[PDB]
Amino acid sequence: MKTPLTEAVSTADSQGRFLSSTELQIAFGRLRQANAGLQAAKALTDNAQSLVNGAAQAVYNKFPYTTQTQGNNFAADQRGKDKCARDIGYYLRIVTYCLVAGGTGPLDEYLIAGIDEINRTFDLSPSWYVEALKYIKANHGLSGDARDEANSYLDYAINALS
Amino acid sequence: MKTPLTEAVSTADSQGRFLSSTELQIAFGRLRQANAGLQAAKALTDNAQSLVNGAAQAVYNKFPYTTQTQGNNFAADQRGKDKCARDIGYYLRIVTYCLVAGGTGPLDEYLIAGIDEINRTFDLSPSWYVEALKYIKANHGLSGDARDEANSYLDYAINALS
Amino acid sequence: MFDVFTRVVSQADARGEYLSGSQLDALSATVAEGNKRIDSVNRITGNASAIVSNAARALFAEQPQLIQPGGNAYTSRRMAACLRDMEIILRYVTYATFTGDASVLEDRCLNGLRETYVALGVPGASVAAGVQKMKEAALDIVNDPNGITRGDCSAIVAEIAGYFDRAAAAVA
Amino acid sequence: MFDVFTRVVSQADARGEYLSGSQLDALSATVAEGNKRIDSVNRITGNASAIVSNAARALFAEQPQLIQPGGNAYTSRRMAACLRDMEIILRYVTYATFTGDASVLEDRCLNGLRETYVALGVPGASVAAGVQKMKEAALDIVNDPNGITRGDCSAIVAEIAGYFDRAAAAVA
Amino acid sequence: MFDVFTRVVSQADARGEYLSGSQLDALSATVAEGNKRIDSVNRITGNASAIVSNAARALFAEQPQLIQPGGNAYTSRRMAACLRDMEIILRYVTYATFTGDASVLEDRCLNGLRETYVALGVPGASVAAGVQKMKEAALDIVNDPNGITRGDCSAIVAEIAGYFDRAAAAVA
Amino acid sequence: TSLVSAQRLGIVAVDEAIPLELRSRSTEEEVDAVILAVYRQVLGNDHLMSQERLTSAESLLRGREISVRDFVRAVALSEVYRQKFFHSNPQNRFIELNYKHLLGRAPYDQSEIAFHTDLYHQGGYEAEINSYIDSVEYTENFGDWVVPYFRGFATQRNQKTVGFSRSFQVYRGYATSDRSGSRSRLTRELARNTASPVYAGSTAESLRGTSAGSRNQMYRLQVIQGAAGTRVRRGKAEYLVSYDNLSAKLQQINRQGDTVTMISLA
Amino acid sequence: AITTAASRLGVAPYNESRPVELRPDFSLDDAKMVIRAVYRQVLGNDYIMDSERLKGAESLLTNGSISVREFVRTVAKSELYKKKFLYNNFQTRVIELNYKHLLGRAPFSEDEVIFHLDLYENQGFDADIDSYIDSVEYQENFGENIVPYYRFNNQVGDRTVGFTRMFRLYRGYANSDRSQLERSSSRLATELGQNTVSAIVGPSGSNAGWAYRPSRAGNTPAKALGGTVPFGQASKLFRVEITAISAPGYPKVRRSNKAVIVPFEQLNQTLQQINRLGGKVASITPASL
Ligand SMILES: *[C@@H](C)[C@H]1/C(=C/c2[nH]c(/C=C3N=C(/C=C4\NC(=O)C(CC)=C4C)C(C)=C\3CCC(=O)O)c(CCC(=O)O)c2C)NC(=O)[C@@H]1C
Ligand SMILES: *[C@@H](C)[C@H]1/C(=C/c2[nH]c(/C=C3N=C(/C=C4\NC(=O)C(CC)=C4C)C(C)=C\3CCC(=O)O)c(CCC(=O)O)c2C)NC(=O)[C@@H]1C
Ligand SMILES: *[C@H](C)[C@H]1/C(=C/c2[nH]c(/C=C3N=C(/C=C4\NC(=O)C(CC)=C4C)C(C)=C\3CCC(=O)O)c(CCC(=O)O)c2C)NC(=O)[C@@H]1C
Ligand SMILES: *[C@H](C)[C@H]1/C(=C/c2[nH]c(/C=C3N=C(/C=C4\NC(=O)C(CC)=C4C)C(C)=C\3CCC(=O)O)c(CCC(=O)O)c2C)NC(=O)[C@@H]1C
Ligand SMILES: *[C@H](C)[C@H]1/C(=C/c2[nH]c(/C=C3N=C(/C=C4\NC(=O)C(CC)=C4C)C(C)=C\3CCC(=O)O)c(CCC(=O)O)c2C)NC(=O)[C@@H]1C
Ligand SMILES: *[C@H](C)[C@H]1/C(=C/c2[nH]c(/C=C3N=C(/C=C4\NC(=O)C(CC)=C4C)C(C)=C\3CCC(=O)O)c(CCC(=O)O)c2C)NC(=O)[C@@H]1C
Ligand SMILES: *[C@H](C)[C@H]1/C(=C/c2[nH]c(/C=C3N=C(/C=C4\NC(=O)C(CC)=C4C)C(C)=C\3CCC(=O)O)c(CCC(=O)O)c2C)NC(=O)[C@@H]1C
Ligand SMILES: *[C@H](C)[C@H]1/C(=C/c2[nH]c(/C=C3N=C(/C=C4\NC(=O)C(CC)=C4C)C(C)=C\3CCC(=O)O)c(CCC(=O)O)c2C)NC(=O)[C@@H]1C
Ligand SMILES: *[C@H](C)[C@H]1/C(=C/c2[nH]c(/C=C3N=C(/C=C4\NC(=O)C(CC)=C4C)C(C)=C\3CCC(=O)O)c(CCC(=O)O)c2C)NC(=O)[C@@H]1C
Ligand SMILES: *[C@H](C)[C@H]1/C(=C/c2[nH]c(/C=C3N=C(/C=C4\NC(=O)C(CC)=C4C)C(C)=C\3CCC(=O)O)c(CCC(=O)O)c2C)NC(=O)[C@@H]1C
Ligand SMILES: *[C@H](C)[C@H]1/C(=C/c2[nH]c(/C=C3N=C(/C=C4\NC(=O)C(CC)=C4C)C(C)=C\3CCC(=O)O)c(CCC(=O)O)c2C)NC(=O)[C@@H]1C
Ligand SMILES: *[C@H](C)[C@H]1/C(=C/c2[nH]c(/C=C3N=C(/C=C4\NC(=O)C(CC)=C4C)C(C)=C\3CCC(=O)O)c(CCC(=O)O)c2C)NC(=O)[C@@H]1C
Ligand SMILES: *[C@H](C)[C@H]1/C(=C/c2[nH]c(/C=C3N=C(/C=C4\NC(=O)C(CC)=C4C)C(C)=C\3CCC(=O)O)c(CCC(=O)O)c2C)NC(=O)[C@@H]1C
Ligand SMILES: *[C@H](C)[C@H]1/C(=C/c2[nH]c(/C=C3N=C(/C=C4\NC(=O)C(CC)=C4C)C(C)=C\3CCC(=O)O)c(CCC(=O)O)c2C)NC(=O)[C@@H]1C
């Protein structure tokens, strides 16, 4: 799982090496970041319901056909809106994992890998989730390093989807 | 290992029961004993070389043919004397384990189970080790509960050998 | 299975050495904690039914999908089995607390439990959540300062937490 | 492979839950100790050759059966392999210390190691004795007060000891 | 299990064939050797305890790690199990000598024995060395010219050596 | 595979492995890393003595005179590889070692064994080794510049499902090696075109409770049985018995004439 | 087999039952049937309270973590089995019970008592239990997957004395090993030591003389040594076992149980006299040739 600490070790291990100053500097970089990530994770968690709901409606506003067309892949009925808010919650929850982990590991392992197969298979538009992610970027209220690290993971998801 | 604590749990588990006052009282019994057992173990350990060498010499005195007769099972050469001292040390060290564990569990597991087959296979006389064990009983200088518990384990081995 | 004492003995025997004065003193300090350990086992055991039921209630409230029709704890037999497992795990945790060593819990309860659950379809993460709920209740009961001689139980409480965590990880 | 952070994450995802405020504070307290952890890795690494060689010499002095002709560490190839294993285990102990989680030991160093030793006839109890000796030498190195900002490293030393114990138990 | 006669029968039945004149003649030669075979079985049996104990002593003399503390043959129960195993193998080797066919040894002794030792952590290469020591003692006993009608037992000795070799190969 | 399964099966490190490719204008460190990875893979993770290293082949690779695939082949044809895996092994064990080392998988069917036994009988050792490295499977997975890596734990195009189960017979864990010859664990299941249960990582474990005797250990005996007593319901059976009853169980199986295929701790 | 006398001997219900087998891929109802059968067989048809159930062993059986035989083994080694059958019994009684529960038959010979008494004394109860379950006899009859059951019918390897002794240990269907007239006493200590047998007395309800039991001393021997000479002119002798004698009362009646050897020519008088004593005929057996 992509994270500074686990990547320092797996790289050293692949080279048969003890950890050296380089991996120690990696750890210092992790320590410099971690509190902001944990602060960012807390802030996103506390507003999870608001962000998820606002993101869901932002998508509904931008793609009104989703709340009006009948179909398993759309949110016209109640199940679809539940599926949709669930999916957006997945994105937001896993992003906080990335802030906690200090890397894209959680996004790669839990969401990104295979998402293209899923969206094709169930006829789910990547654009819907991009709009949801864009909303969370604009509304999470973070600042400083917490904002920077958080937007990197949101953008990483956006780039993966587009 | 037969120790008070493991036996209590094993009997409770056989009945699918949580521990009750009976087992708590087993624990108090162990606690009442344990400090004395540990003090005995330290005293035997500190005097181990004296006790082991003395015990070996006591066997050689009572059974002089063991140091005079040629044969793999006897101690007429340095090879045999070393085996013998090693064996007596085994008895002493494991007895200290019994004092630490609070039961014959270590003697049962490490030494007593199968001793008959060994003594028969390699033509060792159990009377030799009885004599060594009597020497140790009579020279450990323990008093009180430490003496009582140490001698119960020394007698347990003697009884097993006879 | 080992207790705190025989754990050290077995390590010493494999090296063919007497216990050091440092090891013996460590055991002496354990003996000095014995009353606290006995109280902790007594307190958990005295409250076992409550610990299990309250944890199970809380668990299903957070995970209603377990008890909806078709859920893994749906139907009396499966609910009954689930409640039974929660008590088994608690019971073995108290065994480990009593002995002062995790071997009873690991050897008899946890070894092979994950595989049983995976084969059955029992959701390990939900079992682990249940175990965590039981852990919190158990630790509060142990730490309750009323009706007991006052003193510091942080060491024993930490040991008990470790045993609960072992159980949670073994199935999680 | 997990580190101290992703271990928590993996459990939380299995429940579909955000990290709790307590888990975040817990991870924050981990960050607070980060410098101590980095120093401990740095110190063991700086003395790795001496730790390994001193432990090896001590092991063969306690267990001279290993190096006499016919012994499992007799012949240069076998001695060389034995020394490599000691170094390998120590290296992976530093990895676990670095990451703050045991998974790297369980995934890589210890994964099948007992099977390997049984197949080869390597005396696993003896390997455990050698690991214990590196452990004692490593913790003294970590606890050395000289030339370092003084502070209390007891938590990390206890964690490191756990990693050494895990290695020893895996082959014992 | 098969003996020397039924081994041939089984092969013939699978072909739907009467034994040929050559096959019958070979069994007649086997019959003519029967007294030597009985004598070999009687000699090995009559020295079984000495064969086993002498072999065990020699093994532990050459491989002292087996009996050092923490060694697989250390402690009375393990030592007794080891001596038991040696005697078992010797017993089934005598059975194979008696019947003139390895099947009893293969089916009833060596069946799964390598896997059993691997699972138990018993050093199979050391069992093999033990079996070789018993082999060498047994063959000298069988070949002893004193107190027996003189004759050539080379063929039976080779057959017995073959059975010992199977056992040593199988356990390793 | 994903964490939930890889953790139980002891293959997390395999899953997170990244193919190593030798790029244009590589550094000395990158060549060194590649040489190390080749030795680990092709020699099945043996401890490699400095006296055993291919000095010349290493030089040529470092000089970009030969490709990574050429260097893999140099190591596979070396006397080190032969001594480790060929001279003391039966042929079928040798062949599955070649599949593990060179293609990173387990053999799929008996005909693969037959093909390679024929090739060895026809063109000898070099022709046998070259068949793996020159194969379409080698070229399309690793080409000329990527070090081979174990593939058997991932769904491959044109594999057989049983390749996944069999992988656990030839890959025994991260801290293992193909050093002791020995026999193939795959012989029977290849010959009869069947599969065997996967007991790896922690999947061998079974519950003890109060039924596992004095040592709290269960042993899993896998047997092939027939009706030569009570009725036999399956030709393949497993028994879980405690240490104390293990001798009695072996003797029971032995007396019935049934074959023990595997025993392990549970 | 046993057909005509099956009902009066209490065998008919077992004639009507099949062995309880746990098939591979068994269903939960299969597991429940095994558990019920094992509790009834191995615990001698004692009522089992919910607090006494071996819930963990039952779980492991249901899960396939232990086979039927290993579940039997666990029940036999449990504190529940030992409380019922070990702690309060003479070891010869324990051996009788083990044979009935785990092998479904009665001991054949004194050699079996020697073996199991020494095994218990040298290695403990658990070791002794294993000897029954790991025995060749257990393997041949029940194997890994069948609950032990009473082996009333003649099999290869049997001895006749086994058949008569089963009705010293089995006292009917609505009965348990702990609810029999002889209570804790060994049923077979004397039979085994002397290698003798006793006339079969079937269960209550279907046999009026079901309570007949001989005393410690002063019993009538089985066979009429001396023939008809003491009786004068008599064609043949029979040994009649009589129980529940009360009518004359003490001291005219001392023991309510009595066995007499009487000639054919007095059987009419004997039955008449027995009836007037209030007694019930337990068994009649030819005593001369
Ligand atoms: C227990 C392990 C011992 C111990 C450790 C300890 N270290 C610090 C503080 C620091 N250690 C470092 C480490 C490095 N700086 C570098 O540039 C590199 C080389 C690449 C390393 C390894 C740093 C950066 C700090 C912080 C600044 C400082 O120099 O103090 C502490 C102080 C507390 C803290 O958390 O920082 C402690 C306790 N101290 C002992 O007494 C043990 C023997
Ligand atoms: C190699 C094994 C050695 C050897 C054997 C040998 N023995 C005989 C002949 C006989 N041996 C026996 C054996 C027994 N008679 C008994 O009553 C018993 C006890 C139950 C035994 C074991 C017998 C009956 C004979 C035949 C009579 C005789 O004494 O000759 C021979 C002779 C060849 C033959 O087949 O008869 C031989 C060669 N002789 C050696 O020199 C080897 C060291
Ligand atoms: C000393 C009292 C007398 C004596 C001793 C002697 N012993 C042996 C050989 C063995 N002793 C043991 C005993 C143990 N092994 C264990 O693991 C333990 C339990 C932890 C015990 C008690 C064993 C097993 C052996 C045989 C194997 C071995 O050598 O280790 C000998 C040599 C016997 C031989 O034939 O080589 C001797 C000389 N002999 C005397 O005359 C003393 C009076
Ligand atoms: C109604 C007559 C009274 C009542 C009901 C009540 N029940 C519960 C909780 C549970 N009920 C069940 C029952 C079943 N679960 C099943 O799967 C099936 C078989 C198909 C049955 C019959 C169970 C298992 C529970 C506990 C778990 C759960 O919450 O689902 C409650 C709540 C109890 C609690 O502590 O939460 C209540 C209130 N209560 C009354 O007062 C009514 C008169
Ligand atoms: C409750 C929090 C969760 C849950 C549990 C659940 N478990 C089972 C089934 C079994 N549980 C065990 C475990 C044990 N048996 C033992 O003897 C011991 C001690 C060694 C343990 C730990 C076993 C063996 C089984 C299988 C056999 C049995 O039924 O007892 C079930 C039933 C599964 C089924 O489909 O039958 C359930 C429901 N399920 C949840 O959803 C909760 C998260
Ligand atoms: C720890 C979580 C809490 C705590 C425990 C504690 N207990 C004691 C002392 C004793 N407790 C007992 C217990 C029992 N006595 C009995 O008869 C039984 C029933 C079978 C039990 C369970 C005993 C005997 C003692 C010693 C005598 C006394 O009167 O105290 C202490 C004091 C220190 C000591 O170990 O002796 C402590 C600290 N105390 C807390 O404050 C925690 C909430
Ligand atoms: C003698 C020329 C000089 C010398 C020797 C010396 N050697 C050691 C230690 C070891 N020597 C070896 C060598 C071998 N072991 C083998 O198995 C083989 C192949 C058959 C060889 C050649 C080894 C492996 C060791 C280390 C482990 C052991 O002690 O067995 C020492 C002691 C070193 C230490 O630190 O303990 C010494 C003194 N030293 C001199 O000064 C001489 C000029
Ligand atoms: C002696 C030369 C070596 C040695 C032996 C050793 N074996 C065991 C344990 C077992 N050995 C067997 C083997 C058999 N049991 C049988 O019934 C048969 C015939 C069918 C055989 C071949 C078994 C089954 C066991 C385990 C069960 C049991 O003991 O009954 C041990 C003890 C293992 C342990 O205590 O964990 C030992 C020591 N060990 C050495 O070091 C010698 C090289
Ligand atoms: C979907 C209905 C269910 C499900 C599926 C699932 N499968 C896997 C993993 C594998 N599936 C296969 C199967 C094949 N591979 C092949 O090449 C062939 C054709 C020749 C088959 C049939 C294999 C080999 C694997 C393992 C290797 C790999 O994953 O690539 C998973 C992943 C498990 C994990 O932890 O990664 C899943 C999820 N899962 C469900 O819940 C459904 C019931
Ligand atoms: C030294 C304290 C003891 C000892 C060691 C010894 N080990 C081997 C052989 C191997 N050791 C390993 C272990 C690892 N390889 C890895 O890659 C990892 C990390 C993931 C580990 C832990 C392996 C795989 C082998 C086999 C491969 C190889 O030997 O090259 C030997 C050599 C045995 C032999 O030559 O046959 C030795 C000697 N031996 C002792 O006596 C010490 C107690
Ligand atoms: C045939 C000439 C007469 C006859 C025979 C008859 N016998 C039975 C039933 C049984 N016979 C035995 C006898 C033995 N069991 C033993 O173990 C031994 C020695 C090993 C003997 C001799 C037994 C025990 C039974 C009952 C149990 C069983 O049969 O399995 C019957 C059937 C009784 C019934 O059906 O109720 C019969 C018919 N009957 C005649 O009329 C012939 C004169
Ligand atoms: C209740 C009205 C009266 C009463 C009853 C009582 N009975 C027992 C014990 C047993 N009852 C039976 C009966 C059966 N078991 C069966 O399997 C069958 C059907 C085929 C029947 C009819 C048995 C065998 C027993 C003994 C087994 C056991 O576990 O007890 C008791 C228990 C006596 C005691 O525990 O000491 C009692 C109390 N008692 C009264 O006072 C009521 C008049
Ligand atoms: C020794 C002082 C006298 C003596 C004893 C003797 N006893 C037997 C045989 C048996 N002894 C028992 C005893 C017990 N069974 C139990 O369950 C218990 C309580 C737990 C006891 C004490 C039994 C049942 C037997 C029969 C089985 C057996 O033979 O072991 C014998 C043998 C008699 C025979 O004919 O074989 C002897 C010799 N004999 C004397 O002369 C001494 C006065
Ligand atoms: C009174 C405490 C209990 C009790 C007694 C009771 N007894 C009988 C009947 C008989 N009692 C005997 C006793 C003996 N015969 C002897 O030879 C001796 C030793 C020398 C004794 C003690 C006998 C033979 C009988 C039957 C003949 C007779 O009735 O006189 C009864 C009457 C039985 C009946 O069914 O009528 C009773 C009531 N009953 C209880 O409930 C008390 C516990």
# chains A, B, ... in the order shown; residues from 1 in each chain; ligands from 1
$ residues_around --residues "residue 136 of chain B" --least-positions-apart "3" --cutoff "12 Å" --atoms "only C-alpha atoms" --output "number ranges by chain"
B: 44, 47-59, 88-89, 91-93, 95, 129-133, 139-142, 147, 150-151, 153-155, 157-158
$ write_last_selection --atoms "N, CA, C and O atoms" --output "compact mmCIF listing (two decimals), in the first residue's frame"
# COMPACT_ATOMS: atom_id res chain seq x y z
N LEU B 44 18.82 -22.66 45.17
CA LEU B 44 19.38 -23.81 44.47
C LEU B 44 20.25 -23.37 43.30
O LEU B 44 21.30 -23.96 43.04
N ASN B 47 23.68 -22.12 44.41
CA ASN B 47 24.51 -23.19 44.92
C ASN B 47 24.58 -24.37 43.95
O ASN B 47 24.96 -25.47 44.35
N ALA B 48 24.23 -24.16 42.68
CA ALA B 48 24.02 -25.28 41.77
C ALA B 48 25.29 -26.10 41.58
O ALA B 48 25.25 -27.33 41.64
N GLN B 49 26.43 -25.44 41.34
CA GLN B 49 27.64 -26.20 41.05
C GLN B 49 28.08 -27.00 42.27
O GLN B 49 28.49 -28.16 42.15
N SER B 50 28.01 -26.40 43.45
CA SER B 50 28.33 -27.13 44.67
C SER B 50 27.42 -28.34 44.83
O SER B 50 27.89 -29.46 45.04
N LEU B 51 26.11 -28.14 44.70
CA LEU B 51 25.17 -29.24 44.85
C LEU B 51 25.43 -30.33 43.82
O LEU B 51 25.43 -31.52 44.16
N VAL B 52 25.67 -29.95 42.56
CA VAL B 52 25.81 -30.96 41.52
C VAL B 52 27.10 -31.76 41.71
O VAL B 52 27.09 -32.99 41.63
N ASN B 53 28.21 -31.07 41.97
CA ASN B 53 29.47 -31.78 42.21
C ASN B 53 29.39 -32.65 43.45
O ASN B 53 29.84 -33.80 43.45
N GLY B 54 28.82 -32.11 44.53
CA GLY B 54 28.64 -32.91 45.73
C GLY B 54 27.78 -34.14 45.48
O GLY B 54 28.09 -35.23 45.93
N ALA B 55 26.68 -33.96 44.75
CA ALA B 55 25.80 -35.10 44.47
C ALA B 55 26.52 -36.16 43.66
O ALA B 55 26.43 -37.35 43.97
N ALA B 56 27.26 -35.75 42.62
CA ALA B 56 28.02 -36.70 41.83
C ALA B 56 29.01 -37.47 42.69
O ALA B 56 29.11 -38.70 42.59
N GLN B 57 29.73 -36.77 43.56
CA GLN B 57 30.69 -37.45 44.42
C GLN B 57 29.99 -38.40 45.39
O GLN B 57 30.50 -39.49 45.68
N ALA B 58 28.82 -38.01 45.89
CA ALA B 58 28.05 -38.89 46.76
C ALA B 58 27.67 -40.18 46.04
O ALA B 58 27.70 -41.26 46.63
N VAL B 59 27.28 -40.08 44.77
CA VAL B 59 26.97 -41.30 44.03
C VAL B 59 28.23 -42.14 43.87
O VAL B 59 28.20 -43.36 44.06
N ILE B 88 22.86 -35.08 36.60
CA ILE B 88 22.47 -34.55 37.90
C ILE B 88 22.09 -33.08 37.77
O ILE B 88 21.11 -32.63 38.35
N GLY B 89 22.86 -32.33 36.98
CA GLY B 89 22.50 -30.95 36.74
C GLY B 89 21.12 -30.81 36.12
O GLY B 89 20.36 -29.92 36.48
N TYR B 91 18.58 -32.82 36.62
CA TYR B 91 17.62 -33.00 37.71
C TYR B 91 17.48 -31.72 38.51
O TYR B 91 16.37 -31.28 38.80
N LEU B 92 18.61 -31.11 38.88
CA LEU B 92 18.56 -29.93 39.73
C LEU B 92 17.88 -28.77 39.01
O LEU B 92 16.98 -28.13 39.55
N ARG B 93 18.31 -28.48 37.77
CA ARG B 93 17.75 -27.36 37.04
C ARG B 93 16.24 -27.51 36.85
O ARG B 93 15.49 -26.56 37.04
N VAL B 95 14.19 -29.27 38.70
CA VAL B 95 13.56 -29.07 40.00
C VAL B 95 13.38 -27.59 40.28
O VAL B 95 12.33 -27.16 40.77
N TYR B 129 20.71 -42.20 40.70
CA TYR B 129 20.07 -40.89 40.77
C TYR B 129 19.29 -40.71 42.06
O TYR B 129 19.19 -39.59 42.56
N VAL B 130 18.72 -41.77 42.61
CA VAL B 130 18.11 -41.64 43.94
C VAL B 130 19.14 -41.10 44.91
O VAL B 130 18.88 -40.15 45.66
N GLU B 131 20.33 -41.68 44.90
CA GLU B 131 21.38 -41.26 45.82
C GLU B 131 21.73 -39.79 45.62
O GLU B 131 21.86 -39.04 46.58
N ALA B 132 21.88 -39.37 44.36
CA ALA B 132 22.17 -37.96 44.09
C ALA B 132 21.05 -37.07 44.60
O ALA B 132 21.31 -36.01 45.18
N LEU B 133 19.80 -37.48 44.39
CA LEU B 133 18.67 -36.68 44.83
C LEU B 133 18.60 -36.59 46.34
O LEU B 133 18.18 -35.57 46.88
N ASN B 139 21.44 -31.20 51.49
CA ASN B 139 22.47 -30.17 51.42
C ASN B 139 22.02 -28.85 50.81
O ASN B 139 22.86 -27.98 50.59
N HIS B 140 20.73 -28.67 50.52
CA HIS B 140 20.33 -27.39 49.93
C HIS B 140 20.13 -26.30 50.97
O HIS B 140 20.04 -25.13 50.60
N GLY B 141 20.06 -26.65 52.25
CA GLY B 141 20.00 -25.65 53.30
C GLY B 141 18.75 -24.79 53.28
O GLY B 141 18.69 -23.76 53.95
N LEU B 142 17.75 -25.20 52.52
CA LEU B 142 16.47 -24.51 52.51
C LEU B 142 15.75 -24.70 53.84
O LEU B 142 15.92 -25.71 54.52
N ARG B 147 11.89 -25.23 51.72
CA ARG B 147 12.32 -26.60 51.98
C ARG B 147 11.20 -27.58 51.67
O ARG B 147 11.40 -28.57 50.98
N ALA B 150 10.63 -27.70 47.85
CA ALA B 150 11.78 -28.30 47.17
C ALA B 150 11.84 -29.80 47.41
O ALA B 150 12.04 -30.58 46.48
N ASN B 151 11.63 -30.22 48.66
CA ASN B 151 11.71 -31.65 48.97
C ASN B 151 10.57 -32.43 48.35
O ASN B 151 10.75 -33.58 47.97
N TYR B 153 9.37 -31.97 45.43
CA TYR B 153 9.78 -32.26 44.06
C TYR B 153 10.93 -33.25 44.03
O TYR B 153 10.99 -34.12 43.16
N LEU B 154 11.86 -33.13 44.97
CA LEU B 154 12.96 -34.09 45.05
C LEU B 154 12.43 -35.48 45.38
O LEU B 154 12.89 -36.48 44.82
N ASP B 155 11.45 -35.56 46.29
CA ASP B 155 10.82 -36.84 46.61
C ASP B 155 9.97 -37.35 45.46
O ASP B 155 9.88 -38.56 45.26
N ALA B 157 10.66 -37.11 42.32
CA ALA B 157 11.59 -37.79 41.43
C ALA B 157 12.06 -39.11 42.03
O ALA B 157 12.10 -40.13 41.36
N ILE B 158 12.43 -39.08 43.31
CA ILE B 158 12.86 -40.31 43.98
C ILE B 158 11.77 -41.36 43.89
O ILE B 158 12.02 -42.51 43.51
$ residues_near_ligand --ligand "ligand 8" --cutoff "8 Å" --atoms "only C-alpha atoms and all ligand atoms" --output "PyMOL selection string"
(chain E and resi 56+59+66-67+71-74+77-86+88-89+108-111+113+116-117+120-131) or (chain F and resi 243-248+250-251+254)
$ residues_around --residues "segment 16-26 of chain G" --least-positions-apart "4" --cutoff "6 Å" --atoms "only C-alpha atoms" --output "PyMOL selection string"
chain G and resi 30+145-147
$ residues_near_ligand --ligand "ligand 11" --cutoff "7 Å" --atoms "only C-alpha atoms and all ligand atoms" --output "count of residues only"
14
$ residues_around --residues "segment 191-205 of chain G" --least-positions-apart "2" --cutoff "8 Å" --atoms "only C-alpha atoms" --output "short mmCIF file (atom, residue, chain, number, x, y, z; two decimals) with C-alpha atoms, in the first residue's frame"
data_model
loop_
_atom_site.label_atom_id
_atom_site.label_comp_id
_atom_site.auth_asym_id
_atom_site.auth_seq_id
_atom_site.Cartn_x
_atom_site.Cartn_y
_atom_site.Cartn_z
CA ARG G 8 -39.04 -58.85 26.54
CA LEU G 9 -35.25 -58.48 26.52
CA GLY G 10 -35.46 -54.76 25.76
CA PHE G 108 -15.35 -60.90 27.81
CA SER G 109 -12.55 -61.85 30.18
CA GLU G 110 -10.46 -60.97 33.19
CA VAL G 161 -20.26 -64.97 27.64
CA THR G 164 -25.22 -63.02 28.70
CA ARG G 165 -23.20 -60.22 30.30
CA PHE G 167 -28.01 -58.07 30.17
CA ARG G 168 -26.08 -57.51 33.38
CA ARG G 171 -31.37 -53.18 32.02
CA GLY G 172 -33.94 -51.91 29.51
CA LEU G 188 -19.08 -58.46 36.49
CA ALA G 189 -16.27 -58.51 39.05
CA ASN G 207 -40.42 -59.72 33.15
CA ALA G 208 -42.12 -60.19 36.51
CA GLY G 209 -38.93 -61.49 38.15
CA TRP G 210 -36.76 -58.65 36.86
CA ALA G 211 -35.44 -57.77 40.32
CA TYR G 212 -33.78 -61.12 41.06
CA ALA G 282 -36.97 -64.95 37.47
CA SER G 283 -35.53 -67.82 35.44
CA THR G 285 -32.67 -73.45 33.69
#
